[PDB]
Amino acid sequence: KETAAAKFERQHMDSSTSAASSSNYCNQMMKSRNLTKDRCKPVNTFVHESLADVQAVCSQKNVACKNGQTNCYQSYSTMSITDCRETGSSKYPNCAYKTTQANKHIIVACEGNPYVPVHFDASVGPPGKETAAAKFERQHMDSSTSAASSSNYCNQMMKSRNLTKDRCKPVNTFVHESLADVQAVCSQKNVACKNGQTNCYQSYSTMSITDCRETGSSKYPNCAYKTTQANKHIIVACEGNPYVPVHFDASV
């Protein structure tokens, strides 16, 4: 019995190759993945990224699924993908496909514990624009993992969350807790923010966090960071309706 997560890998994952080289790619891949067994599946997308990279998308930009569900996620980075579209002259069982390569952001539906991709929803071309709450999640939320695995966490994460694009962002914290726990902080201990405003809140509880701080020798575009893992209360500024985090003020 194939799990939903496994069916997604079969139908949509192709890590073991960087892109759709040949124009016959789809022809071969659609066949080997059993997508032409009962019929020539009209269209399909393959993602040429590591499983972990695609799996991390489940902790990225939350967006509305095409089907009306809320469990879809758009990747912060563009990915190598291949769209396969059946040709007009394709006849089963010799299904024929036009192979199309692109670099785009992907949108997947995620499910389960662990929380992994179970459907491919769409692809989105460059670029896009961001809400305060969305930006907070990109810069400061890492729900996927329980903590840092090494001291290379920050080098990887700072880059993949686009925090080293124009310059090296010097200091930035990531919170390894659920979104609901972090959002709940907006209703916890009210405190003043560093800037003197009073829409800041300190979590009642310590949380698993990671402090990314650029090294003193680091220089753009070669941004180097030290990774420090810790358990501290966070302090966030909250705004809007719903009343959610929009700035990471400090941890204490």
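So that there is no doubt, residue numbering starts at 1 and follows the sequence shown.
According to the PDB record, 139-147 carries the higher mean C-alpha B-factor of the two stretches 139-147 and 166-174. A summary of the deposited B-factors shows that, of 114-122 and 76-84, the stretch with the larger mean C-alpha value is 76-84. In the deposited coordinates, the residue among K189, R39, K194, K61 with the greatest CA B-factor is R39. Taking the deposited Cα B-factors for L51, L35, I209, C200, the highest one is held by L35. Among the modelled residues of its chain, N222 has a C-alpha B-factor that falls in the highest third, as given in the PDB entry. Per-chain ranking of the deposited C-alpha B factor places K1 in the highest third. Per-chain ranking of the deposited C-alpha B factor places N67 in the lowest third.
Sort the modelled residues of the chain by CA B factor and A109 lands in the lowest third. Among the modelled residues of its chain, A20 has a C-alpha B-factor that falls in the highest third, as given in the PDB entry.
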